[PDB]
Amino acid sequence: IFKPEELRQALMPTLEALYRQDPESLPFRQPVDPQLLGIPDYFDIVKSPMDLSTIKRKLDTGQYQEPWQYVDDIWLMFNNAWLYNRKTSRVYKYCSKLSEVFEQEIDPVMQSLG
């Protein structure tokens, strides 16, 4: 059993560390808006959109029951970006950089919660 405040206290620093990567987090701070970006097939390819602001809101409002659900949303966000974009693209490279920041910080936190 994990209380929402316990999850917020433990996990919010890991999310904030991603936000503090600038410019790498900028594309991830807002939901992808295909109409703004001229990528009309986006929602045909990415079936379950996710972004940092959604994850933040879910942590803030206690929508995770256990911490691996938070990890799942983080990884879904990255998988969506790696899927839609080419390996040579800026957003793919930024995705990878954020994913490495996450990888390095997440286990000490998960180990403490478990």
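From 1 onward, residues are counted along the sequence shown.
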Higher of the two mean Cα B-factors (19-27, 5-13; per PDB record) comes from 5-13
85-93 versus 72-80: which one carries the higher mean Cα B factor per the record? 85-93
Classify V46 as lowest, middle or highest third according to the C-alpha B-factor given in the PDB entry, relative to its own chain. middle
Looking at the temperature factor on the CA atom of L59, which third of the chain's modelled residues does it land in? highest
